[PDB]
């Protein structure tokens, strides 16, 4: 299954929509610019399994995404451990543009 996460609500609010997604092994999460770019996707290294900086860096898209409809995706296959993965947008972190992926096992 592929889950689409919009970056920016239709109203312009600085939110990932939906903010919380639960995935099963082999599923894909695809982030897509919706409103008021740029956004980016940074995983919090203290809030992924093992509190691993390597894992957080692997999953992040640190480059700002300026283009309408620009996308980034992750397929949660076996090199991704079970657990929750918290992420944020650096431009809008202060305003609470945050999300969480729960990887089931």
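Numbering follows the first chain given and starts at 1.
The stretch 19-27 shows the higher mean C-alpha B-factor when 19-27 is compared against 91-99 in the entry. On average the C-alpha atoms of 71-79 have higher B-factors than those of the other stretch, with 36-44 and 71-79 being the two compared. Residue 86: CA B factor lies in the lowest third for its chain, per the PDB record. Sort the modelled residues of the chain by CA B factor and residue 58 lands in the middle third.
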